[PDB]
file entry.tsv (TSV, C-alpha atoms and all ligand atoms)
chain	number	residue	atom	x	y	z
C	3	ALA	CA	13.07	-8.17	-133.24
C	4	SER	CA	13.61	-6.77	-129.75
C	5	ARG	CA	14.76	-8.62	-126.67
C	6	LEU	CA	14.08	-7.58	-123.08
C	7	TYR	CA	17.01	-6.76	-120.75
C	8	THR	CA	17.30	-5.16	-117.32
C	9	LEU	CA	19.72	-2.63	-115.89
C	10	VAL	CA	19.81	-1.94	-112.14
C	11	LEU	CA	21.65	0.94	-110.45
C	12	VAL	CA	22.20	0.90	-106.71
C	13	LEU	CA	22.13	4.60	-105.90
C	14	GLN	CA	22.72	5.87	-102.34
C	15	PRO	CA	22.76	9.60	-101.39
C	16	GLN	CA	26.51	10.04	-101.92
C	17	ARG	CA	27.52	6.97	-103.95
C	18	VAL	CA	26.63	4.45	-106.66
C	19	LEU	CA	27.48	0.75	-106.95
C	20	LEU	CA	29.04	-0.37	-110.21
C	21	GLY	CA	30.50	-3.70	-111.32
C	22	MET	CA	33.70	-4.27	-113.29
C	23	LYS	CA	32.64	-6.71	-115.98
C	24	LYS	CA	35.20	-9.49	-116.18
C	25	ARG	CA	34.02	-11.69	-119.07
C	26	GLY	CA	32.28	-11.22	-122.41
C	27	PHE	CA	30.06	-8.34	-123.54
C	28	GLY	CA	31.22	-5.01	-122.08
C	29	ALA	CA	34.24	-6.54	-120.31
C	30	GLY	CA	36.70	-4.01	-118.86
C	31	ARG	CA	33.96	-1.47	-118.17
C	32	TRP	CA	32.16	-0.52	-115.01
C	33	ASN	CA	28.52	-1.50	-115.62
C	34	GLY	CA	25.20	-1.46	-113.85
C	35	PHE	CA	23.85	-4.88	-112.94
C	36	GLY	CA	21.46	-6.77	-115.25
C	37	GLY	CA	20.98	-9.00	-118.23
C	38	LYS	CA	18.32	-10.88	-120.22
C	39	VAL	CA	14.81	-11.37	-118.96
C	40	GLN	CA	13.87	-15.09	-119.02
C	41	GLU	CA	10.67	-17.04	-119.81
C	42	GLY	CA	8.47	-17.27	-116.72
C	43	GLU	CA	9.62	-14.14	-114.88
C	44	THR	CA	8.47	-10.52	-114.94
C	45	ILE	CA	10.87	-7.73	-115.94
C	46	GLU	CA	11.22	-6.71	-112.27
C	47	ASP	CA	11.84	-10.35	-111.16
C	48	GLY	CA	14.56	-10.59	-113.78
C	49	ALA	CA	16.14	-7.40	-112.43
C	50	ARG	CA	16.15	-8.74	-108.85
C	51	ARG	CA	17.46	-12.09	-110.04
C	52	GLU	CA	20.42	-10.62	-111.97
C	53	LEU	CA	21.36	-8.25	-109.14
C	54	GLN	CA	21.45	-11.21	-106.72
C	55	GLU	CA	23.44	-13.37	-109.15
C	56	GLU	CA	26.02	-10.70	-109.97
C	57	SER	CA	26.56	-8.97	-106.61
C	58	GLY	CA	24.86	-11.14	-103.97
C	59	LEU	CA	22.45	-8.32	-103.07
C	60	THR	CA	18.71	-8.46	-102.65
C	61	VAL	CA	16.53	-5.40	-102.27
C	62	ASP	CA	13.37	-4.22	-100.62
C	63	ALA	CA	12.09	-2.23	-103.67
C	64	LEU	CA	13.02	-1.38	-107.27
C	65	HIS	CA	11.89	1.83	-109.05
C	66	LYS	CA	11.54	1.97	-112.86
C	67	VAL	CA	13.51	5.05	-114.00
C	68	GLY	CA	13.95	4.60	-117.76
C	69	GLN	CA	13.84	2.60	-120.93
C	70	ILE	CA	16.61	2.61	-123.52
C	71	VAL	CA	16.68	0.90	-126.88
C	72	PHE	CA	20.09	-0.08	-128.30
C	73	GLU	CA	20.72	-1.00	-131.87
C	74	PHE	CA	24.04	-2.51	-132.88
C	75	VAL	CA	25.06	-2.30	-136.57
C	76	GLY	CA	24.93	-5.84	-138.05
C	77	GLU	CA	22.78	-7.29	-135.23
C	78	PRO	CA	19.20	-8.41	-135.93
C	79	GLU	CA	17.80	-8.07	-132.37
C	80	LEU	CA	17.41	-4.65	-130.76
C	81	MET	CA	18.09	-4.52	-127.01
C	82	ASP	CA	15.11	-3.11	-125.10
C	83	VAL	CA	16.56	-2.17	-121.67
C	84	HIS	CA	14.40	-1.38	-118.67
C	85	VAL	CA	16.43	0.68	-116.14
C	86	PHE	CA	15.71	0.44	-112.39
C	87	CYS	CA	17.25	2.09	-109.38
C	88	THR	CA	17.25	1.38	-105.68
C	89	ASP	CA	18.55	2.75	-102.33
C	90	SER	CA	17.15	-0.07	-100.08
C	91	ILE	CA	19.82	-2.78	-100.34
C	92	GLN	CA	19.96	-5.77	-98.00
C	93	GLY	CA	23.33	-7.40	-97.60
C	94	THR	CA	26.85	-6.45	-98.56
C	95	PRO	CA	27.98	-6.67	-102.19
C	96	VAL	CA	30.40	-9.45	-103.11
C	97	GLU	CA	32.23	-10.53	-106.20
C	98	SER	CA	30.68	-13.02	-108.59
C	99	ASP	CA	32.16	-14.86	-111.54
C	100	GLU	CA	30.78	-12.11	-113.82
C	101	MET	CA	31.34	-8.88	-111.89
C	102	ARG	CA	33.53	-7.24	-109.26
C	103	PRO	CA	31.43	-4.62	-107.38
C	104	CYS	CA	32.77	-1.28	-106.08
C	105	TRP	CA	31.26	1.94	-104.71
C	106	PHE	CA	31.94	5.28	-106.40
C	107	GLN	CA	31.31	8.73	-105.01
C	108	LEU	CA	28.94	10.67	-107.30
C	109	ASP	CA	31.67	13.19	-108.15
C	110	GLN	CA	34.08	10.36	-109.14
C	111	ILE	CA	31.92	8.29	-111.52
C	112	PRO	CA	34.42	6.69	-113.91
C	113	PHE	CA	32.72	7.74	-117.16
C	114	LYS	CA	35.78	7.13	-119.28
C	115	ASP	CA	35.72	3.43	-118.36
C	116	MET	CA	31.96	2.96	-118.84
C	117	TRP	CA	29.71	2.40	-121.83
C	118	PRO	CA	29.66	5.76	-123.72
C	119	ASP	CA	25.83	6.08	-123.54
C	120	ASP	CA	26.14	6.41	-119.72
C	121	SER	CA	27.59	9.94	-120.11
C	122	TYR	CA	24.26	10.97	-121.66
C	123	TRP	CA	21.60	9.43	-119.45
C	124	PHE	CA	23.30	9.10	-116.04
C	125	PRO	CA	22.77	12.77	-115.31
C	126	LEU	CA	19.02	12.21	-115.78
C	127	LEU	CA	19.12	9.29	-113.36
C	128	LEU	CA	21.06	11.41	-110.83
C	129	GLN	CA	18.42	14.15	-111.05
C	130	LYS	CA	15.59	11.66	-110.45
C	131	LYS	CA	14.13	12.24	-113.94
C	132	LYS	CA	12.46	9.41	-115.82
C	133	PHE	CA	13.59	8.97	-119.44
C	134	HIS	CA	13.32	7.26	-122.82
C	135	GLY	CA	16.42	6.79	-124.92
C	136	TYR	CA	17.64	5.29	-128.15
C	137	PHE	CA	21.27	4.65	-129.15
C	138	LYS	CA	22.68	3.27	-132.39
C	139	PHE	CA	26.16	1.81	-131.92
C	140	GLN	CA	28.82	0.68	-134.40
C	141	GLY	CA	30.62	-1.97	-132.33
C	142	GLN	CA	31.18	-1.26	-128.64
C	143	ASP	CA	32.85	2.18	-128.78
C	144	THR	CA	30.98	4.41	-131.32
C	145	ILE	CA	27.51	6.00	-131.02
C	146	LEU	CA	26.25	6.87	-134.53
C	147	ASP	CA	22.84	8.29	-133.55
C	148	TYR	CA	20.86	8.90	-130.42
C	149	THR	CA	17.73	10.40	-128.97
C	150	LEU	CA	16.91	11.15	-125.39
C	151	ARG	CA	13.91	12.67	-123.64
C	152	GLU	CA	12.28	13.05	-120.23
C	153	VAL	CA	8.95	11.22	-119.72
C	154	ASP	CA	6.10	11.13	-117.11
C	155	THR	CA	5.48	7.42	-117.51
C	156	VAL	CA	8.40	5.07	-118.13
V	201	LIG	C1	24.36	-2.62	-123.79
V	201	LIG	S1	24.65	-0.86	-123.86
V	201	LIG	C2	24.90	-0.67	-122.14
V	201	LIG	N1	25.00	0.56	-121.57
V	201	LIG	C3	25.23	0.34	-120.24
V	201	LIG	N2	25.43	1.25	-119.26
V	201	LIG	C4	25.64	0.70	-118.06
V	201	LIG	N3	25.67	-0.61	-117.77
V	201	LIG	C5	25.44	-1.51	-118.76
V	201	LIG	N4	25.49	-2.81	-118.47
V	201	LIG	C6	25.22	-1.02	-120.06
V	201	LIG	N5	24.99	-1.65	-121.26
call {"tool": "encode", "arguments": {"input": "entry.tsv", "output": "structure tokens", "more": "lines below"}}
Ligand SMILES: CSc1nc2ncnc(N)c2[nH]1
result
Amino acid sequence: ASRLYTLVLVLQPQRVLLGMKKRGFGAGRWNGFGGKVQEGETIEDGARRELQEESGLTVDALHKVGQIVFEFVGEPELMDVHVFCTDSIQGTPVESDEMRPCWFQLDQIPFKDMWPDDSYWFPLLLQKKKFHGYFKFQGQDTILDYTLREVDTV
């Protein structure tokens, strides 16, 4: 009972693109781009598709940087999230129905208005380390348990 999702971070040398989620799950937080993988597409295709849909951007290349499993108390399906990052964007980001994009300098990442797991694994992403994580949440605000480690192969 796991379900595949994607998370894409646009990471340039001095800044990162995040999206203010307007509707639904994680609304009011600055999020990476992504969502559910569909039937008939690879995990990487799903990542490119969601990034395009949410921000208008396409990219030259995506790099797999991590995998995180989320469990929510009361929810039968685990979320199995494949995390990608990219520097090679094509186009300029624009607002979608779902998300309002905005750049943040790496020393002004708005951690207090992000999912609380981001405080744990973002540093690993910023150091170009590959990682495996697990987070158990109670609702959207409380982490009950977690594990996190560096890997060679994502
Ligand atoms: C579902 S738990 C979760 N953590 C996240 N961090 C950053 N961006 C997201 N969309 C995230 N979702």
call {"tool": "residues_near_ligand", "arguments": {"input": "entry.tsv", "ligand": "ligand LIG 201 (chain V)", "cutoff": "8 Å", "atoms": "all atoms listed in the file", "output": "count of residues only"}}
result
15
call {"tool": "atom_distance", "arguments": {"input": "entry.tsv", "atom1": "atom CA of residue C:91", "atom2": "atom CA of residue C:60"}}
result
6.2 Å
call {"tool": "atom_distance", "arguments": {"input": "entry.tsv", "atom1": "atom CA of residue C:58", "atom2": "atom CA of residue C:11"}}
result
14.1 Å
call {"tool": "atom_distance", "arguments": {"input": "entry.tsv", "atom1": "atom CA of residue C:138", "atom2": "atom CA of residue C:74"}}
result
6.0 Å
call {"tool": "closest_residue", "arguments": {"input": "entry.tsv", "among": "C:143, C:89, C:100, C:115", "to": "residue C:61", "atoms": "all atoms listed in the file"}}
result
C:89
call {"tool": "residues_near_point", "arguments": {"input": "entry.tsv", "point": "(15.7, -5.9, -100.4)", "cutoff": "12 Å", "atoms": "all atoms listed in the file", "output": "PyMOL selection string"}}
result
chain C and resi 12+50-51+53-54+58-64+88-94
call {"tool": "closest_residue", "arguments": {"input": "entry.tsv", "among": "C:15, C:152, C:139, C:144", "to": "residue C:77", "atoms": "all atoms listed in the file"}}
result
C:139
call {"tool": "closest_residue", "arguments": {"input": "entry.tsv", "among": "C:111, C:127, C:132, C:75", "to": "residue C:147", "atoms": "all atoms listed in the file"}}
result
C:75
call {"tool": "decode", "arguments": {"input": "entry.tsv", "residues": "stretch 55-82 of chain C", "atoms": "N, CA and C atoms", "output": "PDB file, in the first residue's frame"}}
result
ATOM      1  N   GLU C  55       3.127  21.527 -15.664  1.00  0.00           N
ATOM      2  CA  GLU C  55       1.773  21.877 -15.268  1.00  0.00           C
ATOM      3  C   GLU C  55       1.692  22.928 -14.170  1.00  0.00           C
ATOM      4  N   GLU C  56       2.627  22.908 -13.237  1.00  0.00           N
ATOM      5  CA  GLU C  56       2.502  23.752 -12.044  1.00  0.00           C
ATOM      6  C   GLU C  56       3.201  25.109 -12.154  1.00  0.00           C
ATOM      7  N   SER C  57       4.231  25.177 -12.999  1.00  0.00           N
ATOM      8  CA  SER C  57       5.098  26.339 -13.122  1.00  0.00           C
ATOM      9  C   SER C  57       5.329  26.797 -14.560  1.00  0.00           C
ATOM     10  N   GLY C  58       4.860  26.034 -15.544  1.00  0.00           N
ATOM     11  CA  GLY C  58       5.184  26.290 -16.939  1.00  0.00           C
ATOM     12  C   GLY C  58       6.561  25.881 -17.397  1.00  0.00           C
ATOM     13  N   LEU C  59       7.461  25.509 -16.507  1.00  0.00           N
ATOM     14  CA  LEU C  59       8.837  25.176 -16.916  1.00  0.00           C
ATOM     15  C   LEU C  59       9.028  23.781 -17.479  1.00  0.00           C
ATOM     16  N   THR C  60       9.900  23.673 -18.470  1.00  0.00           N
ATOM     17  CA  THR C  60      10.461  22.406 -18.885  1.00  0.00           C
ATOM     18  C   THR C  60      11.926  22.446 -18.553  1.00  0.00           C
ATOM     19  N   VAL C  61      12.582  21.299 -18.622  1.00  0.00           N
ATOM     20  CA  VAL C  61      13.992  21.198 -18.277  1.00  0.00           C
ATOM     21  C   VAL C  61      14.750  20.308 -19.234  1.00  0.00           C
ATOM     22  N   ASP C  62      16.053  20.534 -19.276  1.00  0.00           N
ATOM     23  CA  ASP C  62      16.957  19.745 -20.061  1.00  0.00           C
ATOM     24  C   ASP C  62      17.172  18.366 -19.385  1.00  0.00           C
ATOM     25  N   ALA C  63      17.415  18.363 -18.080  1.00  0.00           N
ATOM     26  CA  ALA C  63      17.789  17.146 -17.328  1.00  0.00           C
ATOM     27  C   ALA C  63      17.305  17.193 -15.888  1.00  0.00           C
ATOM     28  N   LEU C  64      16.939  16.032 -15.349  1.00  0.00           N
ATOM     29  CA  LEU C  64      16.546  15.881 -13.951  1.00  0.00           C
ATOM     30  C   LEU C  64      17.510  14.900 -13.298  1.00  0.00           C
ATOM     31  N   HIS C  65      17.949  15.177 -12.079  1.00  0.00           N
ATOM     32  CA  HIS C  65      18.835  14.278 -11.326  1.00  0.00           C
ATOM     33  C   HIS C  65      18.109  13.742 -10.085  1.00  0.00           C
ATOM     34  N   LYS C  66      18.101  12.432  -9.912  1.00  0.00           N
ATOM     35  CA  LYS C  66      17.470  11.780  -8.759  1.00  0.00           C
ATOM     36  C   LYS C  66      18.356  12.063  -7.556  1.00  0.00           C
ATOM     37  N   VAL C  67      17.844  12.764  -6.543  1.00  0.00           N
ATOM     38  CA  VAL C  67      18.636  13.024  -5.335  1.00  0.00           C
ATOM     39  C   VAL C  67      18.168  12.321  -4.046  1.00  0.00           C
ATOM     40  N   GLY C  68      16.947  11.802  -3.993  1.00  0.00           N
ATOM     41  CA  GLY C  68      16.491  11.129  -2.813  1.00  0.00           C
ATOM     42  C   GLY C  68      15.201  10.398  -2.977  1.00  0.00           C
ATOM     43  N   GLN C  69      14.851   9.661  -1.934  1.00  0.00           N
ATOM     44  CA  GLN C  69      13.578   8.969  -1.851  1.00  0.00           C
ATOM     45  C   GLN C  69      13.123   9.096  -0.403  1.00  0.00           C
ATOM     46  N   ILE C  70      11.894   9.520  -0.216  1.00  0.00           N
ATOM     47  CA  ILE C  70      11.326   9.686   1.115  1.00  0.00           C
ATOM     48  C   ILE C  70      10.014   8.985   1.184  1.00  0.00           C
ATOM     49  N   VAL C  71       9.790   8.192   2.224  1.00  0.00           N
ATOM     50  CA  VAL C  71       8.492   7.591   2.462  1.00  0.00           C
ATOM     51  C   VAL C  71       7.782   8.349   3.581  1.00  0.00           C
ATOM     52  N   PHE C  72       6.548   8.750   3.329  1.00  0.00           N
ATOM     53  CA  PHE C  72       5.677   9.396   4.317  1.00  0.00           C
ATOM     54  C   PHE C  72       4.519   8.491   4.659  1.00  0.00           C
ATOM     55  N   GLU C  73       4.303   8.365   5.944  1.00  0.00           N
ATOM     56  CA  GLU C  73       3.153   7.720   6.502  1.00  0.00           C
ATOM     57  C   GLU C  73       2.372   8.786   7.229  1.00  0.00           C
ATOM     58  N   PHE C  74       1.080   8.847   6.943  1.00  0.00           N
ATOM     59  CA  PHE C  74       0.125   9.637   7.723  1.00  0.00           C
ATOM     60  C   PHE C  74      -0.763   8.730   8.589  1.00  0.00           C
ATOM     61  N   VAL C  75      -0.859   9.053   9.874  1.00  0.00           N
ATOM     62  CA  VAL C  75      -1.705   8.319  10.824  1.00  0.00           C
ATOM     63  C   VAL C  75      -3.147   8.318  10.300  1.00  0.00           C
ATOM     64  N   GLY C  76      -3.761   7.135  10.247  1.00  0.00           N
ATOM     65  CA  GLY C  76      -5.120   6.969   9.719  1.00  0.00           C
ATOM     66  C   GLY C  76      -5.246   6.716   8.217  1.00  0.00           C
ATOM     67  N   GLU C  77      -4.150   6.807   7.462  1.00  0.00           N
ATOM     68  CA  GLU C  77      -4.186   6.731   6.006  1.00  0.00           C
ATOM     69  C   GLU C  77      -3.600   5.422   5.522  1.00  0.00           C
ATOM     70  N   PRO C  78      -4.371   4.639   4.751  1.00  0.00           N
ATOM     71  CA  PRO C  78      -3.888   3.325   4.314  1.00  0.00           C
ATOM     72  C   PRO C  78      -2.666   3.334   3.379  1.00  0.00           C
ATOM     73  N   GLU C  79      -2.600   4.295   2.453  1.00  0.00           N
ATOM     74  CA  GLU C  79      -1.516   4.323   1.470  1.00  0.00           C
ATOM     75  C   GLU C  79      -0.346   5.111   2.008  1.00  0.00           C
ATOM     76  N   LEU C  80       0.857   4.557   1.923  1.00  0.00           N
ATOM     77  CA  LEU C  80       2.075   5.312   2.193  1.00  0.00           C
ATOM     78  C   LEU C  80       2.397   6.132   0.963  1.00  0.00           C
ATOM     79  N   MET C  81       2.975   7.308   1.131  1.00  0.00           N
ATOM     80  CA  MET C  81       3.498   8.068  -0.031  1.00  0.00           C
ATOM     81  C   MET C  81       4.971   7.733  -0.243  1.00  0.00           C
ATOM     82  N   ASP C  82       5.311   7.217  -1.419  1.00  0.00           N
ATOM     83  CA  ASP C  82       6.690   6.948  -1.783  1.00  0.00           C
ATOM     84  C   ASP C  82       7.180   8.051  -2.762  1.00  0.00           C
TER      85      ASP C  82
END
